[PDB]
Amino acid sequence: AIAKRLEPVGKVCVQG
Amino acid sequence: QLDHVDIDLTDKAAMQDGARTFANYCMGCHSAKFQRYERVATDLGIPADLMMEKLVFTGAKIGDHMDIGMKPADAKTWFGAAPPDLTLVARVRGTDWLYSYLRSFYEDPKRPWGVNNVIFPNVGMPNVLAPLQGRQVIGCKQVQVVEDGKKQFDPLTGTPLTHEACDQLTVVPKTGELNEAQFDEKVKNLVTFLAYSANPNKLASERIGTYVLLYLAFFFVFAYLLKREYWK
Amino acid sequence: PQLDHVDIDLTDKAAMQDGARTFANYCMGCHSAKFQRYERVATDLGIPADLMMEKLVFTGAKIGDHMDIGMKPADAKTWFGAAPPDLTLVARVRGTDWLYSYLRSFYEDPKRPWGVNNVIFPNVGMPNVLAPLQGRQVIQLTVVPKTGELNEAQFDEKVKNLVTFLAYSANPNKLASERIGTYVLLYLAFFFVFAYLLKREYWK
Amino acid sequence: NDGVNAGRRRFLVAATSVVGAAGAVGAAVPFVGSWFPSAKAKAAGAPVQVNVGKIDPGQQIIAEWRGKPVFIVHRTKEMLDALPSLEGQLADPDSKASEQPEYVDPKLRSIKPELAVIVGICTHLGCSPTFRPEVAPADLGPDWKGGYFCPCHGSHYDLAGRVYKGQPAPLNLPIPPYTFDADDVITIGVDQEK
Amino acid sequence: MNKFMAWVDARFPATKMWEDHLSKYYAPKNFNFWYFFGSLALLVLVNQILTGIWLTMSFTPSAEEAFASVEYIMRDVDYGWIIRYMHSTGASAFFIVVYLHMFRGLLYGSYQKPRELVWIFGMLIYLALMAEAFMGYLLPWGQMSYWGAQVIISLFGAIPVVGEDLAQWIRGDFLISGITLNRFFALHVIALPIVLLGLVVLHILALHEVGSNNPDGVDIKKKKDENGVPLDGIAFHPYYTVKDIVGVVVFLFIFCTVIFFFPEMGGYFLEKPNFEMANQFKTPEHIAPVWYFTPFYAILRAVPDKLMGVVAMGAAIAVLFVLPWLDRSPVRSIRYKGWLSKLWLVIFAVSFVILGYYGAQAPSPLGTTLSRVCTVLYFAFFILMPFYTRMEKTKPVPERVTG
Amino acid sequence: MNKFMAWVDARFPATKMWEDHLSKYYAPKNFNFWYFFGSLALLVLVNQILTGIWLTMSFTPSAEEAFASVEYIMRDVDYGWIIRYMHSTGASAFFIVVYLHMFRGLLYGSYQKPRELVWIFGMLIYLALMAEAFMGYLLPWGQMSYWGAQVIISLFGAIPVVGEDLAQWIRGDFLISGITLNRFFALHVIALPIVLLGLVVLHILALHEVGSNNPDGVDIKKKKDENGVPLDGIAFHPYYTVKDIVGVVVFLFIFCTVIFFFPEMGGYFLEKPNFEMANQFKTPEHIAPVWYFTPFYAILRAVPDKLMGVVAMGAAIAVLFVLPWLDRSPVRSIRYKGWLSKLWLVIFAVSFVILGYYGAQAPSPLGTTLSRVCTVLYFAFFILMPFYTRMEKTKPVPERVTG
Ligand SMILES: COC1=C(OC)C(=O)C(C/C=C(\C)CC/C=C(\C)CC/C=C(\C)CC/C=C(\C)CC/C=C(\C)CC/C=C(\C)CC/C=C(/C)CC/C=C(\C)CC/C=C(\C)CCC=C(C)C)=C(C)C1=O
Ligand SMILES: COC1=C(OC)C(=O)C(C/C=C(\C)CC/C=C(\C)CC/C=C(\C)CC/C=C(\C)CC/C=C(\C)CC/C=C(\C)CC/C=C(/C)CC/C=C(\C)CC/C=C(\C)CCC=C(C)C)=C(C)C1=O
Ligand SMILES: COC[C@@H](CCO[C@H]1CC[C@@]2(C)C(=CC[C@H]3[C@@H]4C[C@@H]5O[C@]6(CC[C@@H](C)CO6)[C@@H](C)[C@@H]5[C@@]4(C)CC[C@@H]32)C1)CO[C@@H]1O[C@H](CO)[C@@H](O[C@H]2O[C@H](CO)[C@@H](O)[C@H](O)[C@H]2O)[C@H](O)[C@H]1O
Ligand code: HEC
Ligand code: HEC
Ligand code: HEM
Ligand code: HEM
Ligand code: HEM
Ligand code: HEM
Ligand code: FES
């Protein structure tokens, strides 16, 4: 619950 | 004219969302250097590992201050004004001022960063929450009709009775991730976290003060009896 | 160890200027003198401010700045195994005789990390940075002939001037201290005469 | 005043005094509590990785671990043979009363004999002792065989960090929890695997 | 123990001092609310000394770390925020208690003969307190700290000839900087505390030499019983010690309420702009003094001329020194002074409050007009005292205190 | 002025205090060299307070800037080097003068009845001075400073149970750090100076209550003239005021000679390794205390057990407290005590000096043996006093002071 609340805004799409 | 916000410092979820917003959208330019990640995690109820993984982006330790890489002199050169440390900004400006300021950015081509602020005219801060709020402009929109404080709501639906006004902050539709209520809640959580950061001892202060005042009332009873008696 | 005595003259402006030159060129690479300012060194050594900036300020600092260096203590401690201490007060920490014997006691010691050891400071982490001037000194210490710019007397004079500058840096107030103390003691003797006469008069 | 009620006066004085003393203790709580280690102090420290392959025989290096100096000494053979000869002059030759990892040798107080990692803080009043690997210094006496000499009050330790008998130091120099990440690299702060 | 006290008394006048100053020291029995404030001033001074000593354990008097050190106290030091709020609230409460103390002196003519030296020592205490609070307010090194110090020391630049040199010498630098911070810290932490303690000692000694006034202005020493004790006199210990204990508990209730619930006190005990770090290049939109300096500020702001404004501000405090010789009333207490004295005391209190209220805000037309009027009235309360204390008709002072 | 003093005296105890303490206060007329040191201790305390106040204006009590701020005082502050040397040489002179004062007390039995409280307040002053000097010596944050602080704070670690927790609580950190430096700065600059001022006031008040001893140990109060003035008594003002002025001038001559020509005094007033910045990882090869702490350090070094050594130092200081009850001699002065008392006072002086001398250098075999012997002799001087002050035969004390 806290982890979802604290998710960083920037999402990076990575190879594999 | 500021907008009132009811900030609940006992709301851990709201403070957590505000801390996330501060760490992502604000710590790019603003430090919270008088405040440690460890204390923020302890007070917000965030596990230390979770705080490390989710809110500490600068490689600092858990016990380190919320410092950022942007130096005040560099940022003053770049923006025309140094982004102040935001640990105590809630105390410096108040929570209502912050709530109104973070929601009062509107497009202004005459300005260096293309935006101005109703609360802080000619502020040097770029509108960094534009992706969330969306494009906000000084235009015409529906505002509740008021006549000498005679505020009209709809008796049946309970919604305001509105008339058009052309000097109002209006968000261009489908321009931001969050609607007005969602951005209001985002800004409320951010200002709640800033209010906590400015005064992290508030809740403990109230508890300790309650106990101190109870003790002092007890001691006053005894001292008053020892005085009125012995004055006979 | 046994030290060599050196008579340090803090009134010799030329000697202190030569020592400041040697310190700026050969010693400020690793050592700071961060507790003294270029401006005060220039004033006390009789060096014009423009001349001081041109000849002794290599870091780009202002005349009024502390004689700081780029080599940070942590990096230097990692690199050499020991941090080169700030040398502003070294003449008070060690004394001028110890410095004079130490800077002349470097000899070649292949077993050491930097190929040198010191009689005064065994297993010291300093590289022999004055080897170009003194030459190759080997073990009793003897300098290999035709290995340095300076002979024994010239290198001794160089080290003496450097140690004199270090002694001034440790105690920049010594000359003014003596000058002021002379007058203070004269006034105190003058006042003692009057106080003693007053006491003698009252105690009759 | 007409017939002061004693006992009532005594009781009120005593009760007010006791309540005021409780309040004084409470008001002292901030001042006494502020002297405990603060958040600045509690920053703690992380394990330090030290390359020990470059230590020359009979030499030691200082490693900064948690604000303390750690003597990492590459022990030559001769001093290793001398160490058992000193058991008669050591308060705790077997390290029964000292602080050291369970996995280090009780006598050598190290994972491997040729290297000794010792928390370089004297066990009496806490300073780093001076490393004196020489055999028979004039000041340290002829019975000396190398070790550590505390410069405050002359506590003597052998090269294993074990204190001599009847020194101000009552305990052997602590051995930090360390491992050998490689044959020439150690880490101070993490225990070695069982 | 009896034997222990006998041993001590042969070697130290402990019992003699106790019976000369607290027990067997007969103060008027008609002290009222207004006589709680000397003991409360002592309590606040002790609070300031203790909490300041503890703040000094963590404070850094450098321009680079002063503000950061204050935040370190507020957040990192265990209960350090409590100590800091005790100190700030205690400075504000020191000035509250001292102003009520001085107003008691005004109300009952307690500055008059024989208490002229008591009043002068009290005014020296007030000067020391103002210097101490001003130098303390610089220590946080916030915006208000820095800029208030800048303006207050630029005032010393108003002296016609030596003004600029004197201001530079006071600052220790060409502007307010960390040098000024460290200097004011040293003065605030040792020198002025020592001066204040000595002045408080002298003040209490002078009072005990001449004895306390009372709300009725009755010289209780005139009427004494067969034992020599004044008829209207009661031993300070235990009666007034227990009364002052009750007063101290009430004061502590208010003090702790402020500390733990409203430490900023609406931005007056801890000013909001002072929570921003000092910026030598950006000055606050409106810079104002701490509330307890606001009245004199208003006076200084009421005078269009700069040098005359500084002179008037200084005289506003200096006239209280000569107050004992300005009052020509045959009676001490306002209860028995003529209507003119009561009216002028009301006018002085109202003018002081209005000056403080309008010196706490940015200049305004009505604010400026009222500040000038109140400056005139504040100075007239003293200047006209030697006249209206004689023109008025005073009531006969009772032989025995009322109650 | 006569009129001004008449005005003051009706409102202040000015003339009465002057005539009770300085004028009309009849001290023995046979004070010798050994009676200069109370006034000199007062002067050195004033010098320490003033110079320390001025140093605090430029000192930065942080581990990052303490040493740098000291050098800033030495080099950038105009005459700051003078003030710093006055302060350090004044600490050394404070201990010189205080030791000679205590030795006067030993010589002439000034601790004996009725001056037991005078002696106890003097010992409290000495404890406060030891603590003050130690915390001040930590402030420069040199190698000597850091490692002396480490050792002395770890002394509290010797307590079997609460020792480590107490040492950590005193440090404010898990090791000596800027927290310890700042805390000791606060204690050194305000708390202990205030305590010392109070203790000096109590000390002098007790002395004036019981009266001053003299070298002959003659109670001059027994013989008085018709006016009540002791036959061997002279008003302290002006005779001893002028004598103390002469003593002050001689002390100032020596003090300024040291300041301006030998401020280090061969490294015994300003220690050489303290000119190096504090290093947590490098303990100086010669880590020895300041000279005036060497005698006790030696004692602690003499004891081969940690806790026993700590207790031995503590008792070496504490035995002087009970000294007034250890001396059972029928006479005060050493001039009229038996050969045993003179021999044991010589033994105590020699033992103290030898402990200080060997406590000032690294451990040695002869040094260790002499330190142990002198520790035994130092403690025997006190433990055996109740016996050898009775075994010895004392000369009769004259009815009048000799001279
Ligand atoms: C917006 O803005 C504004 C506000 O703000 C926001 C305001 O608030 C206000 C309103 C302001 C107020 C009302 C606030 C008022 C506040 C204040 C009053 C603050 C003022 C504080 C200062 C500026 C500090 C100024 C300090 C000064 C000028 C005094 C300086 C004193 C010294 C430096 C002391 C000098 C040191 C000395 C003398 C050394 C000691 C000498 C010795 C000789 C020592 C002894 C030595 C020996 C014994 C050796 C010699 C031996 C002798 C004598 C021989 C014989 C031996 C014997 C001993 C007998 C305004 C107007 C404002 O618009
Ligand atoms: C080589 O190396 C070596 C050297 O080195 C180089 C050495 O030199 C030495 C040699 C060593 C020496 C000889 C040196 C010796 C030096 C020393 C002894 C120095 C030791 C100094 C220290 C370590 C400091 C220790 C300090 C301690 C333990 C004491 C701590 C005290 C405090 C923190 C104070 C406590 C705080 C309190 C209680 C606050 C006050 C509380 C209150 C209640 C205040 C009042 C509050 C109110 C009024 C509110 C409540 C209201 C009430 C009461 C209600 C009623 C109302 C009324 C007011 C009446 C050796 C051996 C060595 O080998
Ligand atoms: C173990 O004794 C130490 C000395 C003799 C020791 O003389 C003693 C001389 C007296 C004195 C100062 C001593 C203790 C307590 C002291 C008292 C406490 C009380 O306090 C007070 C105040 C408090 C009150 C409560 C009570 O009263 C007093 C009035 C009392 C008091 C202060 C008075 C005086 C006492 C030591 C013998 O030393 C040997 O020699 C070596 C020592 O290190 C050891 O050798 C080993 O370690 C070496 C390393 O150097 C190697 O060389 C070797 O190879 C290796 O074998 C060996 O183990 C050891 O025995
Ligand atoms: C979360 C998105 C943020 C919040 C909440 C705040 N900031 Fe900023 N900001 C920036 C600059 C260059 C300034 C100075 C502008 C000027 O002085 O004219 C500011 C200012 C503020 C303020 C005003 C504080 C005050 O006391 O006046 C507040 C309350 C504030 N900011 C909150 C720049 C930036 C920036 C760089 C792109 C970022 C990412 C943010 N600000 C983010 C936030
Ligand atoms: C880097 C190549 C250096 C230059 C150039 C100079 N010094 Fe140095 N010095 C260096 C180190 C790494 C050390 C520490 C050695 C150790 O084992 O601790 C030193 C030390 C000194 C000292 C000793 C000071 C003390 O121990 O208190 C002195 C007196 C000294 N250095 C002087 C000195 C002079 C005069 C130099 C120019 C001729 C000079 N150093 C250059 C590294 C380097
Ligand atoms: C009459 C006595 C005193 C008064 C009126 C007083 C007043 C003040 C004030 C108003 C401040 C500003 C606080 C703020 O707004 O943050 C302050 C700060 C400070 N004071 Fe004092 N003070 C007094 C005595 C002392 C003493 C005796 C000491 C130390 C011995 C001290 C140490 C400090 C310190 C370290 C600060 C900076 C920390 C802080 O601002 O809280 N004070 N003082
Ligand atoms: C700031 C610290 C001060 C302290 C600790 C202090 C202390 C005291 C105390 C304990 C008393 C006796 C009890 C009482 O009358 O309340 C007293 C009386 C008095 N004080 Fe203060 N005082 C201070 C400041 C002042 C000031 C600033 C003034 C005036 C400018 C002043 C003027 C007087 C007078 C005139 C009296 C005696 C009046 C009477 O007897 O009614 N004092 N003081
Ligand atoms: C450190 C600051 C001290 C100050 C300022 C001070 C002050 C004085 C003064 C002015 C006198 C009278 C004049 C004189 O005897 O020279 C005196 C006497 C005395 N002092 Fe102190 N003293 C201090 C420390 C001590 C200490 C540490 C002791 C003993 C442990 C002590 C014990 C005595 C005794 C016993 C007398 C009476 C001497 C006699 O009557 O013959 N004092 N003191
Ligand atoms: C009996 C009174 C005092 C004694 C015996 C004493 C002793 C000392 C000593 C020995 C030092 C070390 C100086 C050095 O080695 O460089 C020192 C440092 C210092 N003292 Fe004190 N002191 C006293 C009172 C004070 C007071 C009242 C203050 C402030 C008001 C003060 C401020 C300082 C400062 C700032 C330092 C660090 C700067 C320096 O080392 O020169 N001292 N003190
Ligand atoms: S400090 Fe190590 S033996 Fe005392």
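Order of the sequence lines fixes the chain letters, A, B, ..., with proteins taken first and strands second; residue numbering starts at 1 for each chain.
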Just by distance, do the side chain of [X] and the backbone of [Y] share a donor-acceptor pair under 3.5 Å?
X        : Y        : value
F:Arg390 : F:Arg328 : no
F:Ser333 : F:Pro215 : yes
F:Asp216 : F:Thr402 : yes
F:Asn227 : F:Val229 : no
F:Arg372 : F:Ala302 : yes
F:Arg335 : F:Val397 : no
F:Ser39  : F:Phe36  : yes
F:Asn47  : F:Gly90  : no

TODO: Begin with the C-alpha distance, continue with both residues' side-chain angles, and end with the deciding distance and a verdict on side-chain contact (heavy atoms from CB on, under 4.5 Å) for F:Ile334 and F:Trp344.
DONE: CA-CA 11 Å; F:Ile334 199 83; F:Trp344 267 109; over 6 Å; no
Please work out whether the ring planes of [X] and [Y] are parallel, tilted or perpendicular, with thresholds of 30° and 60°.
X        : Y        : result
F:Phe251 : F:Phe255 : parallel
F:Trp291 : F:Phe269 : parallel
F:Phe95  : F:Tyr99  : tilted
F:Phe33  : F:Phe37  : perpendicular

Are any non-hydrogen side-chain atoms of [X] and [Y] less than 4.5 angstrom apart?
X        : Y        : answer
F:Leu100 : F:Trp34  : yes
F:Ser212 : F:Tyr35  : yes
F:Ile152 : F:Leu138 : no
F:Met385 : F:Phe381 : yes
F:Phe121 : E:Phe12  : yes
F:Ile170 : F:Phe184 : yes
F:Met102 : F:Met123 : yes
F:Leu320 : F:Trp119 : yes

Open item on the list: I'd like to know whether NZ of F:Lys342 has more than 12 heavy-atom contacts from other residues, nucleotides or ligands below 6.0 angstrom.
Closed with: yes
- [ ] May I ask you to check whether over 12 heavy atoms, not counting those of F:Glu399, lie within 6.0 Å of atom CD?
- [x] no
Task: Derivation and outcome, side-chain contact (heavy atoms from CB on, under 4.5 Å), residues F:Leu355 and F:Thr294 - done: CA-CA 7 Å; F:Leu355 287 162; F:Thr294 50; over 6 Å; no
Task: Test side-chain contact (heavy atoms from CB on, under 4.5 Å) applied to F:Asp232 and F:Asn30, step by step - done: CA-CA 8 Å; F:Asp232 296 318; F:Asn30 62 324; 5.9 Å; no
If I take atom [atom1] from residue [X] and atom [atom2] from residue [Y], how far apart are they, to the nearest 0.5 angstrom?
X        : Y        : atom1 : atom2 : value
F:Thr15  : F:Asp9   : OG1   : CG    : 3.5 Å
F:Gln112 : F:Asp327 : CD    : CG    : 4.0 Å
E:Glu209 : F:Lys16  : CD    : NZ    : 7.0 Å
F:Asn214 : F:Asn32  : CG    : CG    : 9.5 Å
E:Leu22  : E:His237 : CG    : NE2   : 7.5 Å
F:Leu43  : F:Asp244 : CG    : CG    : 10.0 Å

Restricting to non-hydrogen atoms, name the atom on [X] and the atom on [Y] that form the minimum distance, rounded to 0.1 Å.
X        : Y        : answer
F:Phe382 : F:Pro386 : O-CD, 3.3 Å
F:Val242 : C:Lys199 : CG2-CA, 3.9 Å
E:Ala14  : E:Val8   : CB-CG1, 3.9 Å
D:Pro168 : D:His153 : CG-O, 3.6 Å
F:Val98  : F:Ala41  : CG2-CB, 4.5 Å
F:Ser92  : F:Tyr268 : OG-O, 4.4 Å

Open item on the list: My understanding is that only one of F:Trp18, F:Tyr240, F:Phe236 makes a side chain to side chain contact (heavy atoms under 4.5 Å, CB included) with F:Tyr25; could you say which?
Closed with: F:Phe236
Open item on the list: For F:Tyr26 and F:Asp225, which I'm curious about, is there any donor-acceptor pair between the side chains at under 3.5 Å?
Closed with: no
Open item on the list: Side chains of F:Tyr297 and F:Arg301 only: does a donor on one sit below 3.5 Å from an acceptor on the other?
Closed with: yes
- [ ] Starting from the C-alpha separation in whole Å, work towards a yes-or-no answer on side-chain contact (heavy atoms from CB on, under 4.5 Å) for D:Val32 and F:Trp169.
- [x] CA-CA 9 Å; D:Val32 166; F:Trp169 178 83; 3.8 Å; yes
Open item on the list: Looking at F:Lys337 and F:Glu392, is there a salt bridge between them, counting it only when a charged N and a carboxylate O are closer than 4.0 Å?
Closed with: no
Open item on the list: Please evaluate residues F:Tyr111 and F:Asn213 with respect to the criterion side chain to side chain donor-acceptor pair (under 3.5 Å), reporting the C-alpha separation (whole Å), side-chain torsions for both, the decisive distance (0.1 Å), and the verdict.
Closed with: CA-CA 9 Å; F:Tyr111 51 81; F:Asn213 198 29; over 6 Å; no
Task: Partners meeting side chain to side chain donor-acceptor pair (under 3.5 Å) with F:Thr394 (sequence neighbours left out) - done: none
Task: Qualifying residues under side chain to side chain donor-acceptor pair (under 3.5 Å), relative to E:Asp20, sequence neighbours excluded - done: none
